[PDB]
Amino acid sequence: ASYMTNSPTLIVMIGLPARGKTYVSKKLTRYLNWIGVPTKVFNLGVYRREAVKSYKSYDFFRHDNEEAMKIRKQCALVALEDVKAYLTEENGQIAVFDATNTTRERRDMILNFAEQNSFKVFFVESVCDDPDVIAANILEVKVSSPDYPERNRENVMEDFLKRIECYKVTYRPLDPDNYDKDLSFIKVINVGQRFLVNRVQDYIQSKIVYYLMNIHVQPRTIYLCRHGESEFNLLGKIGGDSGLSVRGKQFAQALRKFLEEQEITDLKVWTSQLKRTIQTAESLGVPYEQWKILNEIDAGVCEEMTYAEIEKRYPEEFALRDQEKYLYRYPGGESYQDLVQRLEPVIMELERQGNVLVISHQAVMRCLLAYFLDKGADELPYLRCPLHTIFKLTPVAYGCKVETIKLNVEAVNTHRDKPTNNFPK
Amino acid sequence: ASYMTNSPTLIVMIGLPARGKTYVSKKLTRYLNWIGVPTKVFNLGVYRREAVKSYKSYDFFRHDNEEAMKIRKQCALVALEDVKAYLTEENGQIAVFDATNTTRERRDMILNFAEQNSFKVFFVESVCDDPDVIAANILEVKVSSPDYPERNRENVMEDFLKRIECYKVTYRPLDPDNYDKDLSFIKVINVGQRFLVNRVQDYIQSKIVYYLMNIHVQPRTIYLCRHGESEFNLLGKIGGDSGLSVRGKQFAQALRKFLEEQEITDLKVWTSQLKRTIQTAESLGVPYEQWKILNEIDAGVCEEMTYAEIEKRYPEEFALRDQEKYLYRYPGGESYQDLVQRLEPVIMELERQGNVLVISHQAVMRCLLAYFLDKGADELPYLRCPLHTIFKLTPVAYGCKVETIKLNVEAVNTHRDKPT
Ligand SMILES: Nc1ncnc2c1ncn2[C@@H]1O[C@H](COP(=O)(O)OP(=O)(O)OP(=O)(O)O)[C@@H](O)[C@H]1O
Ligand SMILES: Nc1ncnc2c1ncn2[C@@H]1O[C@H](COP(=O)(O)OP(=O)(O)OP(=O)(O)O)[C@@H](O)[C@H]1O
Ligand SMILES: O=P(O)(O)OC[C@H]1O[C@](O)(CO)[C@@H](O)[C@@H]1O
Ligand SMILES: O=P(O)(O)OC[C@H]1O[C@](O)(CO)[C@@H](O)[C@@H]1O
């Protein structure tokens, strides 16, 4: 009177080692938080390493190893108690349980935990049988996984290959035709070549599946920059549709040279529909695609004004925006929250693809950086993205490599800091 | 070909007769237009009926009926030419091709058309093998399909069953393991019990899959009404959080009696978080759920004012809102477009479920009616939803049955027409 319509959700990863589970867990968790759903990942690798206080050879992972199996089960129970605390005491809505969970006994233990606590359960099983995908994932584990010592990885590969065989002995995949016909799940096959989806129960499960249709697990690189310096940038005017300054044109030429030197396979170039990004791309000698949704934030009645003019003409609005820069909405225009919402299709295409250069704008690029660098709404409107600097991004399971490349053309500074040190607040 | 990320897309239905193809095509097309992607459905049943100028017995659908096969192929080619015009001359972005397309030869013809025109292709194959799902779909065809004469349907079932057998003879399903491993598609199995998705190539294909995870094909009924009359309604005041007038409470009591008479299985009742909808649901004697996203449109600095007061205090804003009521945003508040965007999770849950009563508000309910009755943004802010009237909606493939039930409790009129 009522029942289970308002329950939180436990997303349970399944798979053999080196299947992309931790990458998927982390990026899915970031996406769910991005759309406003409080979500936390629980990485059982961390739990078990902290419990045994040493790195473990493949024999630790034998299903026969009674002593190891008992330690590993206890770690799962501790993590589940942390899941419960998060979802019932800490205002979490979704918990993501990143572990192998390859046996039916372990999955039934999780399901019984969820039923006792009225948590919905959705399984994400990563199945890789393509030799190239497998060999790639395994090599990535060998090089970067923290489940082995930081240095001296010469014997990691041989051990890890044997650890996988231990899991293969007892692995029961989800069986949609019989044993698991009533469970809600998705099998992600070969990191997203195809999918088997069973019994999607509700809106949030549809969003989870939606996100996983856009994820890309193999290493990829994306490039972000602004249009070259514009005339309005030189004037300190926001918004508008002005063209490149002569220095912005020099930047566009330098950008062409930089892209040639980078030797990028199958480069795609995306711009907005505003002249300054188009003009930047036109100098590159390669096809490009304009996106309306990459247009700069709309400043409404403040379009084409300087900050000094805005503070003078609209002192109350100007102070409000400084107090609440993410949520503030220009009269007749947009807030950063509005901008975030309309950027979602570009963000999904950038989750999917590598070798894309996005030529956009200060506020737009802040949103894209906040998404791929996992920054919150508080910091998002203040992220620094100078004119004539390229951001080169390589996402990894626990974050994103960022390289900045300042090209050799000067530009004005358009970054206004939040006012500091004022009294009262 | 697919050389651009935002090139046009041809969605191609596949399946035997009575698989929900035509319902899925139409509801997906409506959803795509709702989120701003111009989409048009092409119903090959209509093309072929118009060309052959008569109803056809199962004999027409034999794969070995050479003369019929040639006509059917020519209809597919005509429809593809209309697809081309829609996507290249009329600024369409997605075309939905509703046909059986059960043979590899027909699918290859479509694929070659798409490649010649640089259209992306995504197939939606409806596979039904559950006897209950099939039997239901077939009876629905028997009752309502326009592929048979309107009256005297006594021989329809026998003919239609033989027509299905004609198609079973040559049906080749999509084969993800070999023949069709490089095609982009979703198999919808038993109208959404489960799905097989292959090679999603872009954002919009992921949105198509997303929508299909929420669709419900079997007939269902949902109920929409407003909160009972509020004190602010009696005062002509917009917005706010006032409670029910005594007539709104009387309506809530009448609503309980109405719901009992409807003999509804597993009724769900959804309200907003505002007092007037909660108090309406509380008279019903059943569990109900509050949704913040069902709260009435936010009028910002005009909250709790009458239209006359708004016109006096903010004449320019009042006139702008009349010129552009869908997009206009109240200072400090919302536009109908904002309202549409935040309603998406409840719209998806209403696509999925039946036996739901939503008790909401004038602007909210306009958005929900615009979605399920396929109304455009121009008309959405002016749809009429009187206090104390229940809208009973039964979606069908070509629209929605609508019954309005005025309960016997008077209420003020809160509907303001656009000035002439
Ligand atoms: N706690 C962590 N901190 C940083 N990176 C991590 C962490 N856990 C996993 N990763 C990264 O996840 C990837 C896979 O290593 P993990 O140690 O998760 O191996 P695995 O579980 O066998 O593989 P997978 O999770 O891909 O199925 C590596 O890139 C690794 O650096
Ligand atoms: N042109 C139309 N106008 C109104 N309703 C239609 C039209 N075409 C199909 N429908 C509806 O679609 C549903 C299925 O009928 P249809 O004629 O499409 O049979 P079918 O193609 O064998 O079945 P399905 O499309 O479900 O595979 C029925 O409710 C029918 O009324
Ligand atoms: O939110 P902020 O810090 O005002 O930055 C966005 C502004 O920056 C610019 O891209 C450059 O000044 C303007 O066009 C835009 O209004
Ligand atoms: O968009 P309209 O026609 O002003 O209707 C919305 C108004 O209707 C009401 O629901 C009832 O007057 C108000 O609370 C709301 O502001």
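Every number for a ligand or one of its atoms is a count from 1 in the order of the listing. Every chain is numbered from 1 and lettered A, B, ... according to where its sequence line falls, protein lines coming before strand lines.
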Trainee: Quick one: which ligand 2 atoms are inside 4.0 Å of a heavy atom on B:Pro146?
Mentor: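 Counting atoms of ligand 2 from 1, those under 4.0 Å from B:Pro146 are 1 (N), 2 (C), 6 (C), 7 (C), 8 (N), 9 (C), 10 (N), 17 (O), 30 (C), 31 (O).
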
Trainee: Report, in ascending order of atom number, the atoms of ligand 2 lying under 4.0 Å from any heavy atom of B:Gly20.
Mentor: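 Within the 4.0 Å cut-off of B:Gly20, ligand 2 contributes 24 (P), 26 (O), 27 (O).
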
Trainee: Should you measure from each heavy atom of A:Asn233, which atoms of ligand 3 turn up under 4.0 Å away?
Mentor: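 Close to A:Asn233: 11 (C).
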
Trainee: Going by the atom numbers of ligand 2, which of them fall below 4.0 Å from some non-hydrogen atom of B:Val46?
Mentor: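 What qualifies from ligand 2 is 1 (N).
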
Trainee: Using a 4.0 Å cut-off to any heavy atom of A:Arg19, which atoms of ligand 1 qualify?
Mentor: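 Counting from 1, the qualifying ligand atoms are 24 (P), 26 (O), 27 (O).
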
Trainee: Would you mind listing which atoms of ligand 3 come within a distance below 4.0 Å of any non-hydrogen atom of A:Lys325?
Mentor: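 Per the distance check, 1 (O), 2 (P), 3 (O).
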
Trainee: With backbone taken as N, CA, C and O and side chain as the heavy atoms from C-beta onward, which portion of A:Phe160 lies under 4.0 Å from ligand 1: side chain, backbone, both, or neither?
Mentor: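 The side chain, only.
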
Trainee: Which protein heavy atom lies closest to atom 18 (O) of ligand 1, and at what distance to 0.1 Å?
Mentor: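 Atom 18 (O) of ligand 1 sits closest to the protein heavy atom A:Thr22 OG1, 2.8 Å.
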
Trainee: Is a side-chain donor-acceptor pair under 3.5 Å present for B:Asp130 with B:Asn190?
Mentor: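 Their side chains do not contain a donor-acceptor pair, so the 3.5 Å distance test is not met.
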
Trainee: Regarding A:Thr170 and A:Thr103, do their side chains bring together a donor and an acceptor under 3.5 Å, going by distance alone?
Mentor: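 The criterion, which ignores hydrogens and geometry beyond distance, is not satisfied for A:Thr103 and A:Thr170.
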
Trainee: Is any NZ, NE, NH1 or NH2 atom of the basic residue among B:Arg30 and B:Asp374 found under 4.0 Å from an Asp or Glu carboxylate oxygen of the other?
Mentor: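 Salt bridge: yes.
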
Trainee: For atom 31 (O) of ligand 1, grab the closest protein heavy atom and report residue, atom and distance to one decimal in Å.
Mentor: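 Residue, atom and distance for the closest contact: A:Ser144 O, 3.0 Å.
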
Trainee: Examine B:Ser145 against ligand 2 and note whether any of their N/O atoms are separated by less than 3.5 Å.
Mentor: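 N/O-N/O distance below 3.5 Å exists for this pair.
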
Trainee: Any idea which protein heavy atom is nearest atom 12 (O) of ligand 3, and the distance to it?
Mentor: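 I find the closest protein heavy atom is A:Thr414 CB, 4.0 Å.
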
Trainee: Do A:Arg366 and A:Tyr382 get their side chains close enough for a donor-acceptor pair, meaning under 3.5 Å?
Mentor: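 Short answer, no.
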
Trainee: Which ligand 3 atoms are under 4.0 Å away from a heavy-atom of A:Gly239?
Mentor: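 In order of number, 13 (C), 14 (O), 16 (O).
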
Trainee: Examine A:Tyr330 against ligand 3 and note whether any of their N/O atoms are separated by less than 3.5 Å.
Mentor: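 Between A:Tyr330 and ligand 3, no N or O pair is found under 3.5 Å apart.
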
Trainee: Taking A:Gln279 for its side chain and A:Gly243 for its backbone only, find out whether a donor-acceptor pair lies under 3.5 Å.
Mentor: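 Flag not set: sc A:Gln279 to bb A:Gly243 has no pair under 3.5 Å.
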
Trainee: Using modelled atom types only, decide if a donor and an acceptor are shared between the side chain of A:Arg321 and the backbone of A:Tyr328 within a distance under 3.5 Å.
Mentor: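 No; judged by distance alone, with no hydrogens or angles, the pair does not exist.
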
Trainee: State whether a side-chain donor-acceptor pair under 3.5 Å links A:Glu229 with A:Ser245.
Mentor: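 Indeed, the side chains of A:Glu229 and A:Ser245 share at least one donor-acceptor pair under 3.5 Å.
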
Trainee: Between B:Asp82 and B:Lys40, does a salt bridge (charged side-chain N to carboxylate O under 4.0 Å, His left out) hold up when you go through it step by step?
Mentor: CA-CA 10 Å; B:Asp82 295 345; B:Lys40 181 172 178 176; over 6 Å; no

Trainee: For the pair A:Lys275 and A:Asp241, evaluate salt bridge (charged side-chain N to carboxylate O under 4.0 Å, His left out) and give the outcome as yes or no after the intermediate values.
Mentor: CA-CA 6 Å; A:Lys275 198 192 293 175; A:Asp241 193 17; 5.4 Å; no

Trainee: Closer than 4.0 Å to some heavy atom of B:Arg49 - which atoms of ligand 2 meet that?
Mentor: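 Contacts of ligand 2 toward B:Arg49, numbered from 1: 1 (N).
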
Trainee: Strictly by modelled atom types, are A:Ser272 and A:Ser360 linked by a side-chain donor-acceptor pair under 3.5 Å?
Mentor: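 No, because no side-chain N or O of A:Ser272 sits under 3.5 Å from a partner of the opposite role on A:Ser360.
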
Trainee: Could you check whether any side-chain N or O of A:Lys27 sits under 3.5 Å from a backbone N or O of A:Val396, counting only pairs where one atom can act as donor and the other as acceptor?
Mentor: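 Yes: the side chain of A:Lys27 pairs with the backbone of A:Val396.
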
Trainee: Under a 4.0 angstrom heavy-atom cut-off, which atoms of ligand 2 come close to B:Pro17?
Mentor: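 Reading through ligand 2 atom by atom, the close ones are 22 (O).
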
Trainee: Got the closest protein heavy atom to atom 27 (O) of ligand 1, with its distance?
Mentor: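 Of the protein heavy atoms, A:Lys21 NZ, 2.7 Å lies nearest.
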
Trainee: Do any nitrogen or oxygen atoms of B:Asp147 lie less than 3.5 angstrom from nitrogen or oxygen atoms of ligand 2?
Mentor: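 Looking only at distances, the answer is no, because the N/O contact criterion of under 3.5 Å is not met.
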
Trainee: Is A:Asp322 salt-bridged to A:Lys325, going by a charged N under 4.0 Å from an acidic O?
Mentor: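 Looking at A:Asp322 and A:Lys325, the cut-off is not met.
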
Trainee: Hey, which atoms in ligand 2 end up nearer than 4.0 Å to a heavy atom of B:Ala18?
Mentor: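 Counting atoms of ligand 2 from 1, those under 4.0 Å from B:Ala18 are 20 (P), 22 (O), 23 (O), 24 (P), 27 (O).
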
Trainee: Suppose I only count heavy atoms of A:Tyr336 and a 4.0 Å limit; which atoms of ligand 3 are within that range?
Mentor: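 Result: 1 (O), 2 (P), 3 (O), 5 (O).
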
Trainee: Got a donor-acceptor contact below 3.5 angstrom from the B:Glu125 side chain to the B:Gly15 backbone?
Mentor: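 Here the side-chain-to-backbone pair does not exist.
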
Trainee: Using heavy atoms and a threshold below 4.0 Å, how should the contact between A:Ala397 and ligand 1 be classified: side chain, backbone, both, or neither?
Mentor: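 The part of A:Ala397 near ligand 1 is the side chain, not the backbone.
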
Trainee: Please report the shortest heavy-atom distance between A:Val133 and A:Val191, naming the atom on each side.
Mentor: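 Taking A:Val133 first and A:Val191 second, the nearest heavy atoms are CG1-CG2, 4.1 Å.
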
Trainee: Is a donor from one side chain sitting under 3.5 angstrom from an acceptor on the other, for A:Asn233 and A:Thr414?
Mentor: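 Side chains of A:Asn233 and A:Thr414: no pair found under 3.5 Å.
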
Trainee: Note the single closest protein heavy atom to atom 29 (O) of ligand 1, along with its residue, its atom name and the distance in Å.
Mentor: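 Nearest neighbour among protein heavy atoms for atom 29 (O) of ligand 1, to 0.1 Å: A:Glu140 OE2, 2.8 Å.
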
Trainee: Provide the number and element of each atom of ligand 3 under 4.0 Å from a heavy atom of A:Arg366.
Mentor: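 What qualifies from ligand 3 is 1 (O), 2 (P), 3 (O), 5 (O).
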
Trainee: Quick one: nearest non-hydrogen protein atom to atom 6 (C) of ligand 1, plus distance?
Mentor: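 Its nearest protein heavy-atom neighbour is A:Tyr398 CD1, 3.3 Å.
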
Trainee: Give the atom numbers and elements of ligand 3 that come within less than 4.0 Å of a heavy atom of A:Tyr307.
Mentor: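 So the atoms of ligand 3 that pass are 2 (P), 3 (O), 4 (O), 5 (O).
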
Trainee: Taking the basic N atoms (NZ, or NE/NH1/NH2) and the acidic carboxylate oxygens, is any pair closer than 4.0 Å for B:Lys56 and B:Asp147?
Mentor: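 Between B:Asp147 and B:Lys56 there is no salt bridge, as every charged N stays at least 4.0 Å from the carboxylate O atoms.
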
Trainee: Is a donor from one side chain sitting under 3.5 angstrom from an acceptor on the other, for B:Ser57 and B:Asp159?
Mentor: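 Their side chains do not contain a donor-acceptor pair, so the 3.5 Å distance test is not met.
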
Trainee: Show the atoms of ligand 3 that are less than 4.0 angstrom away from any heavy atom in A:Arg321.
Mentor: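 Once the distances to A:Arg321 are compared, the set is 1 (O), 2 (P), 4 (O).
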
Trainee: Using a heavy-atom cut-off of under 4.0 Å, does the side chain or the backbone of B:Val396 touch ligand 2, or both, or neither?
Mentor: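 None of B:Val396 does.
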
Trainee: Just jot down the ligand 2 atoms closer than 4.0 angstrom to any heavy atom of B:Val141, in number order.
Mentor: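 Once the distances to B:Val141 are compared, the set is 19 (O), 22 (O), 23 (O).
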
Trainee: Tell me which protein heavy atom sits closest to atom 9 (C) of ligand 3, plus the residue, atom name and distance to 0.1 Å.
Mentor: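 In this structure, atom 9 (C) of ligand 3 has A:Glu296 OE2, 3.5 Å as its nearest protein heavy atom.
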
Trainee: In terms of residue, atom name and distance, what is the protein heavy atom nearest to atom 16 (O) of ligand 3?
Mentor: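 Residue, atom and distance for the closest contact: A:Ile238 CB, 3.4 Å.
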
Trainee: Distance to 0.1 Å, residue and atom name: give those for the protein heavy atom nearest to atom 8 (O) of ligand 3.
Mentor: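 Looking at atom 8 (O) of ligand 3, the protein heavy atom closest to it is A:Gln362 NE2, 3.0 Å.
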
